[PDB]
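Worksheet for the structure shown next.
Quick reminder, even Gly has a Cβ in these numbers, built from the backbone with ideal geometry, and neighbours come from all protein chains shown. Numbers and lists here come from the model and the stated rules, or from a named source; these are not laboratory values.
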Amino acid sequence: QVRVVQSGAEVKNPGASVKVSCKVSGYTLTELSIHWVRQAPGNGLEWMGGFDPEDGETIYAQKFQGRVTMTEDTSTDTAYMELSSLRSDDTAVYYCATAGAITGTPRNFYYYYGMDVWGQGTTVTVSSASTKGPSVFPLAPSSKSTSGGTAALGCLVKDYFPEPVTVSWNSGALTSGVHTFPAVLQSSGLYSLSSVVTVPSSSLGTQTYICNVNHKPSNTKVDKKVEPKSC
Amino acid sequence: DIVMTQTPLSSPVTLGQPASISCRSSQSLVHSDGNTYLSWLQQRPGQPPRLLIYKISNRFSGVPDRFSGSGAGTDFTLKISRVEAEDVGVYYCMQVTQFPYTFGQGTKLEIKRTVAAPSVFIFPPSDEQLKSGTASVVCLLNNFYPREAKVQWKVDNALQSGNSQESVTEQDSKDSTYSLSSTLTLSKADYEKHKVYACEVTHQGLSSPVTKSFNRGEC
């Protein structure tokens, strides 16, 4: 299987450097070109540069020439991007695209002779502010949570900073009927978010629903079991 | 740097109906060899971009036949014969002919669907949160089609202003609907000083404003 995995989200201070990893699975990082593309949230895609795996020349965009360095660890199959002297304009999601050779593996729809596969993305926030872990509370199902036989439950991820928080359900086993809402910014300057899911109320007694929240910048992994109670 | 601009700004289209996005380049996309390297990528909400077309007509493997691409010189067009709920998203056009590679500003493809009234759910504050000192109440508006929706937090029949924050989902890739989440946050003290917490929702699919309420009961 052709699998591209990237570093967790990171928060860096202005003037500092940021490093993100692109690890390739299922195919050697040889004769496979690596590209780095930056996406400002809710903005356009900016191609930072390309790196040739078999030592070909690596071209950097005029914008990021002085600040970006690209390197490869062929042994671990991981490419690295490093952007220095970070400025607030650099807060964005960073992607590495494996645009080379033949992927070979299907990966759901088979990439085959095609070259491009894209990383999941690494959110990088440039800010002097203090990192704060999220607070996870349950949104318990109730008679106030049921409609036409279906009940609704969830998790409230409150007061976290910076932005990237990932929520999964039953370790990823539950995705049908799931809604992870975009985060809101409290006056405090901290983000809050909610993730809900609709399930058969008849099942409420037999099934176990657990929400998995990861806030990589804070280094927090929480698993909160949502169980029905009260009103 | 070669410029890439997508002619369609935003597009509300009926299901099963065709669609076509245009890309315009300031300079010729023909390379020094004699080819033209133009790519089309689709990004679903909160997802990495997936490459659908290369050159202009070359369709990537595993890419639906519904997608097609045709361009000439500086103009290029991506066409979806029929539109499905899974196509919602943002379409971008990339050029690999000249360094630095360029991307279009993107174009959002939305979906016209029949009206759907939301389902309203009210969630009270957890005891753990009360221990932390605060109290958040959440009103959930699930699977409503018209994006426009109204939410009103009422505490003991008293309408509130402020202390509320809400978010709307990106268009569903299955339903093509929308979901809303509104949280009213109060201090533990404010929360205990009252009895009934309710949220009244008004939407087009709703004949009359639906109100979901509860009594504190100390939680």
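Test A:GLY119 against the stated conditions and say whether it is in contact (Cβ under 8 Å) with a residue 12 or more places away in the chain, in contact with a strand residue (DSSP E or B) (Cβ under 7 Å, 6 or more places away or on another chain), crowded, with 17+ Cβ neighbours inside 10 Å and not assigned by TED's automatic domain parsing to the domain that holds A:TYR191. I'd like the intermediate steps shown before the answer.
Numbers: in contact (Cβ under 8 Å) with a residue 12 or more places away in the chain: yes; in contact with a strand residue (DSSP E or B) (Cβ under 7 Å, 6 or more places away or on another chain): yes; crowded, with 17+ Cβ neighbours inside 10 Å: yes; not assigned by TED's automatic domain parsing to the domain that holds A:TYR191: yes.
In short, yes.
Take the conditions (1) more than 27 Å from the chain's Cα centre (by Cα); (2) in a loop (DSSP other than H, G, I, E, B); B:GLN17 misses just one of them, which is (1).
Regarding B:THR102, is this residue within 11 Å of another protein chain (Cβ to nearest Cβ), closer than 29 Å to B:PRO12 by Cβ and either buried (at least 22 other Cβ atoms within 10 Å of the Cβ) or without any contact (Cβ under 8 Å) to a residue 60 or more places away in the chain (or both)? Spelling it out, B:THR102 is indeed within 11 Å of another protein chain (Cβ to nearest Cβ), closer than 29 Å to B:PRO12 by Cβ and either buried (at least 22 other Cβ atoms within 10 Å of the Cβ) or without any contact (Cβ under 8 Å) to a residue 60 or more places away in the chain (or both).
Looking at A:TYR60, A:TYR110, which is the one that is aromatic (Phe, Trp, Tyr), surrounded by fewer than 19 Cβ atoms within 10 Å (Cβ to Cβ) and within 10 Å of chain B (Cβ to nearest Cβ)?
Values: A:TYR60 fails: surrounded by fewer than 19 Cβ atoms within 10 Å (Cβ to Cβ).
Going through A:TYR60, A:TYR110 in turn, just one is aromatic (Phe, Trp, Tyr), surrounded by fewer than 19 Cβ atoms within 10 Å (Cβ to Cβ) and within 10 Å of chain B (Cβ to nearest Cβ): A:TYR110.
State all residues of region B:44-97 that are at the interface with chain A (Cβ under 9 Å from one of its Cβ atoms) and in contact with a strand residue (DSSP E or B) (Cβ under 7 Å, 6 or more places away or on another chain); if no residue qualifies, say none. B:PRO48, B:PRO49, B:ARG50, B:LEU51, B:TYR54, B:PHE60, B:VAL63, B:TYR92, B:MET94, B:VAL96, listed by residue number. Taken over region B:196-219, the residue count meeting the criterion of being in contact with a strand residue (DSSP E or B) (Cβ under 9 Å, 6 or more places away or on another chain) and away from chain A (no Cβ under 12 Å) is 9. Only one residue in A:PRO182, A:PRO217, A:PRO164 is out of contact with any helix residue (DSSP H, G or I) (no Cβ under 9 Å at 6 or more places or on another chain) and under 25 Å from B:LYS174 (Cα atoms). Which one? It is A:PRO182. Scanning region B:112-121 for residues that are within 11 Å of chain A (Cβ to nearest Cβ), in a strand (DSSP E or B) and either among the basic types (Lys, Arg) or within 30 Å of B:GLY16 (Cβ to Cβ) (or both) turns up just one, B:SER119.
Are there strands (runs of 3 or more DSSP E) fully within region B:122-190 with at least 3 residues that are at the interface with chain A (Cβ under 10 Å from one of its Cβ atoms)? List them. Before the answer, list the steps.
Details: elements: B:134-144, B:150-155, B:164-168, B:178-187.
Passing ranges, in order: B:134-144, B:164-168, B:178-187.
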